[PDB]
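Trainee: The structure is given below, and queries will be raised subsequently.
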Amino acid sequence: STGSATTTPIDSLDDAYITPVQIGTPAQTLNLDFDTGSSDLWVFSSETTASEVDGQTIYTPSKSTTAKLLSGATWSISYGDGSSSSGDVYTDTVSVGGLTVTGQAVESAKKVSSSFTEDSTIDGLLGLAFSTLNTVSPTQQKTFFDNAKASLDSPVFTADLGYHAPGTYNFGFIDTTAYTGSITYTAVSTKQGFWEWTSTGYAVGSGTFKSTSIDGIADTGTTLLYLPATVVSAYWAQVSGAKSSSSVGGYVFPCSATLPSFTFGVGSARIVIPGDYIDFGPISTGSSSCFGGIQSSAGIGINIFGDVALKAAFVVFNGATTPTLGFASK
C-alpha cells in the first residue's frame, strides 16, 4: 500500500503545515500538524475543555462506530516550545492520503495549552518520530507510520514541504519526479527517539564551505533552523544591522535587508536554503525589525533542522530495520 497527502502552510510565513487526516467511521476529517519530532497522534475532541477550543475541528468518538476507549490509558506531553496537552485514548481507523490503519491510538485531548487554543488552524498533531517517545501510559502506543509500515510497499515516508506553497507527504514510495539530482542518504541514531543525524558542515552565502560535524534532528514540527551559536553568529554577521535581541528572543534584522543563502552538508552533498526562506517578517505588525529564521540552539540542548531547512529539500525518512535519512535538492 501507499498514501499521498497534500500539506498546506497555515499562514503566510509557513509557521507550520497542516495535512488532512480521516478519523473514524464515518470519517471525521481533521487538519493535523505532522511532526517528525514527536510520537503522539492527538486531537482536539468533544472531551476538550470547552474554554480551550476556539475554532478547531474536533473528533467526537461517540459518533464513530469504530472508536473504542482504550481502557485506563492516559497521555500527557510537553513540547520543546513550552506547549502541552493531555487526555485519554481511543483506538479508531485513521487514513492519510488513501492509506488506512485500523486500531490506531487516537489521543483525545481533555486539556491543551494556550498556544494550541490560540491557533484555530491546527486540530492536533500526528507524530512521526520513533514510538519509544509515545507518551501513552501504562501501555505505550505505536505511531501511525509504525502501524502502517508492514503494509507499505517500502517502509518509508517522504516530506516535501513548500516555500509559501503547498507540498506533499508520501507514505510507502519515493516519487522520483519530485526532486532533482540524486538522494544522499545519511546515518540516523534513534537513541533519543528522534530522526537524529550529523550534517557535514555549512556555508554562508557564496562563502567557503566549513567542514564540521553538526548533530541534530530532522523535525517537521519546528518552524525554524536552530544551530550552534558559532554557526548562527557567522550567518548573521553577513547581514548589516542584524543583532541578537534578548527582549525579542533571538536574532532580528532590518526588514530592508537582502538575506544571504545558507548551505548545509549531507555527506558530500549540499542543500542550499535561499535567503528569502530565512525571513520571518516583522516582529510585530508594522515594525521594520524582522525575525530571523536561523537561531541559536544553545538554550535547547539539541540542534534542530526544522521547516526552514527541510523545505529546501526532498526528505526521505527511511524506516527500515536500520533507519536512515535521505536528502535531495528540488
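The chains in the C-alpha cells are called A, B, ... from first to last as shown; in each chain the residues are counted from 1, and the ligands are counted from 1 in the order shown.
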I'd like the contact shell of segment 132-146 of chain A - 7 Å cut-off, only C-alpha atoms, skipping same-chain residues fewer than 4 positions apart - returned as a PyMOL selection string.

Mentor: chain A and resi 38-40+73-77+104-105+127-128+193

Trainee: At a cut-off of 7 Å, using only C-alpha atoms, what residues contact segment 29-34 of chain A? Leave out same-chain residues fewer than 3 positions from it and give the result as an MDAnalysis selection string.

Mentor: chainID A and resid 17:23 57 122:128 220:221

Trainee: Near segment 242-247 of chain A, counting only C-alpha atoms, which residues have an atom at most 12 Å away, once you skip same-chain residues fewer than 3 positions from it, shown as a list in words?

Mentor: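 Final neighbour list, sorted by chain and number: residues 229, 232, 233, 234, 235, 236, 237, 238, 239, 250, 251, 252, 253, 254, 255, 256, 257, 258, 259, 283, 288, 289, 290, 291, 292, 294, 295 and 296 of chain A.
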
Trainee: Let's have the selection written as a JSON list (two decimals), in the first residue's frame, with C-alpha atoms.

Mentor:
```json
[["chain", "number", "residue", "atom", "x", "y", "z"],
["A", 229, "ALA", "CA", 25.85, 29.79, 18.36],
["A", 232, "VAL", "CA", 24.42, 31.35, 13.73],
["A", 233, "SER", "CA", 26.76, 34.26, 14.54],
["A", 234, "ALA", "CA", 28.68, 33.62, 11.31],
["A", 235, "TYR", "CA", 25.42, 33.77, 9.34],
["A", 236, "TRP", "CA", 24.01, 36.97, 10.84],
["A", 237, "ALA", "CA", 27.39, 38.74, 10.65],
["A", 238, "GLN", "CA", 26.79, 38.87, 6.89],
["A", 239, "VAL", "CA", 23.57, 40.90, 7.34],
["A", 250, "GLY", "CA", 16.65, 35.84, 19.06],
["A", 251, "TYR", "CA", 18.30, 37.35, 16.04],
["A", 252, "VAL", "CA", 16.47, 40.17, 14.29],
["A", 253, "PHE", "CA", 17.46, 42.09, 11.19],
["A", 254, "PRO", "CA", 16.36, 45.18, 9.25],
["A", 255, "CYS", "CA", 13.39, 44.36, 7.07],
["A", 256, "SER", "CA", 15.15, 46.30, 4.27],
["A", 257, "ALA", "CA", 17.98, 43.74, 4.12],
["A", 258, "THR", "CA", 18.52, 41.11, 1.45],
["A", 259, "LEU", "CA", 19.44, 37.87, 3.23],
["A", 283, "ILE", "CA", 8.47, 41.12, 14.92],
["A", 288, "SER", "CA", 10.83, 47.44, 10.47],
["A", 289, "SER", "CA", 12.65, 44.82, 12.58],
["A", 290, "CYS", "CA", 12.24, 41.32, 11.15],
["A", 291, "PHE", "CA", 12.69, 37.95, 12.84],
["A", 292, "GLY", "CA", 15.38, 35.59, 11.57],
["A", 294, "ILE", "CA", 18.16, 30.76, 11.74],
["A", 295, "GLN", "CA", 18.51, 30.90, 15.53],
["A", 296, "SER", "CA", 20.85, 29.58, 18.21]]
```

Trainee: Just the helix (DSSP H, G or I) stuff from segment 137-240 of chain A, please, per backbone DSSP, written as a JSON list (two decimals) with N, CA, C and O atoms, in the first residue's frame.

Mentor:
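Heads up, here's the output in part07.json:
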```
[["chain", "number", "residue", "atom", "x", "y", "z"],
["A", 144, "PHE", "N", 1.39, 6.22, 13.75],
["A", 144, "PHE", "CA", 0.72, 5.87, 12.51],
["A", 144, "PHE", "C", 1.66, 5.18, 11.53],
["A", 144, "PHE", "O", 1.31, 4.17, 10.90],
["A", 145, "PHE", "N", 2.88, 5.71, 11.39],
["A", 145, "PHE", "CA", 3.85, 5.11, 10.47],
["A", 145, "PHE", "C", 4.26, 3.73, 10.94],
["A", 145, "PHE", "O", 4.37, 2.80, 10.13],
["A", 146, "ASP", "N", 4.50, 3.56, 12.24],
["A", 146, "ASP", "CA", 4.87, 2.24, 12.75],
["A", 146, "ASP", "C", 3.77, 1.23, 12.49],
["A", 146, "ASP", "O", 4.05, 0.08, 12.13],
["A", 147, "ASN", "N", 2.50, 1.63, 12.68],
["A", 147, "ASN", "CA", 1.40, 0.72, 12.43],
["A", 147, "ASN", "C", 1.26, 0.39, 10.95],
["A", 147, "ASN", "O", 0.90, -0.74, 10.60],
["A", 148, "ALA", "N", 1.54, 1.35, 10.07],
["A", 148, "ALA", "CA", 1.36, 1.13, 8.64],
["A", 148, "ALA", "C", 2.52, 0.42, 7.97],
["A", 148, "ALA", "O", 2.34, -0.16, 6.89],
["A", 229, "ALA", "N", 25.71, 28.33, 18.33],
["A", 229, "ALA", "CA", 25.85, 29.79, 18.36],
["A", 229, "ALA", "C", 26.95, 30.28, 17.43],
["A", 229, "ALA", "O", 26.84, 31.38, 16.87],
["A", 230, "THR", "N", 28.04, 29.51, 17.27],
["A", 230, "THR", "CA", 29.12, 29.92, 16.37],
["A", 230, "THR", "C", 28.63, 30.02, 14.94],
["A", 230, "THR", "O", 28.94, 30.98, 14.21],
["A", 231, "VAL", "N", 27.86, 29.02, 14.51],
["A", 231, "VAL", "CA", 27.34, 28.97, 13.14],
["A", 231, "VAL", "C", 26.37, 30.12, 12.91],
["A", 231, "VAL", "O", 26.41, 30.80, 11.88],
["A", 232, "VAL", "N", 25.46, 30.32, 13.86],
["A", 232, "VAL", "CA", 24.42, 31.35, 13.73],
["A", 232, "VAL", "C", 25.04, 32.75, 13.72],
["A", 232, "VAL", "O", 24.62, 33.62, 12.94],
["A", 233, "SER", "N", 26.04, 32.99, 14.58],
["A", 233, "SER", "CA", 26.76, 34.26, 14.54],
["A", 233, "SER", "C", 27.43, 34.50, 13.19],
["A", 233, "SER", "O", 27.37, 35.62, 12.65],
["A", 234, "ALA", "N", 28.05, 33.47, 12.62],
["A", 234, "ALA", "CA", 28.68, 33.62, 11.31],
["A", 234, "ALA", "C", 27.67, 33.98, 10.24],
["A", 234, "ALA", "O", 27.98, 34.76, 9.33],
["A", 235, "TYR", "N", 26.46, 33.42, 10.31],
["A", 235, "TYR", "CA", 25.42, 33.77, 9.34],
["A", 235, "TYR", "C", 25.02, 35.23, 9.47],
["A", 235, "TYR", "O", 25.08, 36.00, 8.49],
["A", 236, "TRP", "N", 24.60, 35.64, 10.67],
["A", 236, "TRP", "CA", 24.01, 36.97, 10.84],
["A", 236, "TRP", "C", 25.05, 38.08, 10.72],
["A", 236, "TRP", "O", 24.69, 39.23, 10.44]]
```

Trainee: Using only C-alpha atoms, pick whichever of A:86, A:99, A:223, A:240 has the shortest atom-to-atom distance to residue 277 of chain A.

Mentor: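 Looking only at the distances to residue 277 of chain A, the closest residue turns out to be A:223.
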